[PDB]
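Visitor: The structure that follows is given in the form of structure tokens.
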Amino acid sequence: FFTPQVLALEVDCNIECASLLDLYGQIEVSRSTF
Amino acid sequence: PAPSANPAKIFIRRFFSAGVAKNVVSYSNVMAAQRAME
């Protein structure tokens with residue numbers, strides 16, 4: 001008989017780590033075994 | 001005027017990767033056009 005007020009928050013607490021993929025040299029490639 | 005929102009984002013999502021400076025033509029295409037001039 002009593003409907004709770006569904007609030008619109010969503011907690012998380014889940015660190016990824018940190019980004020380290022922009023320092024490395026980037027080269028787009030083709031069919032494998034270059 | 002310009003809306004800056006094209007449907008060409010379907011590839012930068014994952015199919016492409018931003019900030020890579022990819023070459024415009026395959027190396028095979030270059031050498032193929034190379035030997036084809038002789």
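Quick note on naming: the chains in the structure tokens go A, B, ... in the order shown, residues restart at 1 in each chain, and ligands are numbered from 1 in order of appearance.
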Can you work out which residues from chain A touch chain B at a cut-off of 8 Å (counting only C-alpha atoms) and hand them back as a list in words?
Guide: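 The answer, sorted by residue number, is residues 26, 27 and 28 of chain A.
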Visitor: Can you work out the spacing between CA of residue 22 (chain A) and CA of residue 3 (chain B) in Å, to one decimal?
Guide: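 Going from CA of residue 22 (chain A) over to CA of residue 3 (chain B) covers 29.6 Å.
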Visitor: One number please: CA of residue 16 (chain A) to CA of residue 8 (chain B), in Å, one decimal.
Guide: 29.0 Å
